[PDB]
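So this one's two forms of a single chain, laid out as structure tokens and tagged structure 1 and structure 2.
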Structure 1
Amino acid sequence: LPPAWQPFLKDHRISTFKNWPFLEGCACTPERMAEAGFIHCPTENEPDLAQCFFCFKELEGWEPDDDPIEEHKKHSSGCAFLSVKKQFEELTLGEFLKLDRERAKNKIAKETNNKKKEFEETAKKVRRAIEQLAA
């Protein structure tokens, strides 16, 4: 299988979970995280960081009683992955192609929003500097 669509595979998502806290006993296990579409992408700041592979919503501050699916609908309710009630290899090619398409769109919107924020913060610094010059 191509490296690009591995995130669609639950077993692969589980694998990303390296030194994940919260194991047996907790509702937010790696297996339940992965089931919910989450991937482990730990920083150094927050080695607690989980990201949906489909909508790219990033969540941290995970609580052991948190239901991953429930944390997921709440924070990213429009995510199409949540509506997929089918296992991967039972997916139709048309259905899959159409999902991978929306995921690609989801990725751009996230990158686009990030760029917008960086630009706006840069703009605010410039303005401030110029305001200060007038004085």
Structure 2
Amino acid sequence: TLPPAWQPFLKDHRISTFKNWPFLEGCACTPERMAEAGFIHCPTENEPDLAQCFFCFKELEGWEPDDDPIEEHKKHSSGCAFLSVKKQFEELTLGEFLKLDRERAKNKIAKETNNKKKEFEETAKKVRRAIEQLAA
């Protein structure tokens, strides 16, 4: 089998992650059509339709039946390199594949970074608010 770390590159792995995905047969954003776009299902309490590009880590919720996952992905993360891979996985070379996996690694850090930033900003809003009240 394939090393687990590499599995999300596989459409069949990504599809398998959709458990209790509301949008099925008649819909445009089926698990299959979603995995083909690079998403995996990663639901929460307050965001049960949450999905994520495995490659650029863009997160989208609030899906609708007529949502074309590829169209939604291009709009929200036009920079996503996976969007550009026209070749089939087994048709790739290790070289190509190794370069791709590298760009993943970076995207992941940049995402980890952007998150850290957002959490920072939320703290600071709490910090300012607290000082203003303490001055009044």
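All residue numbers here refer to structure 1's sequence, counted from 1. Rigid core here is just the name for the largest C-alpha set that superposes within 1.5 Å across the two forms.
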query	finding
Large Cα shift (2 Å or above) at residue 19 between structures 1 and 2, core-fitted	no
Shift of residue 111 between structures 1 and 2 at or above 2 Å (CA, core fit)	no
Distance moved by the residue 87 C-alpha between structures 1 and 2 (core-aligned, Å)	1.2
Core-aligned CA shift between structures 1 and 2 for residue 127 (Å)	4.3
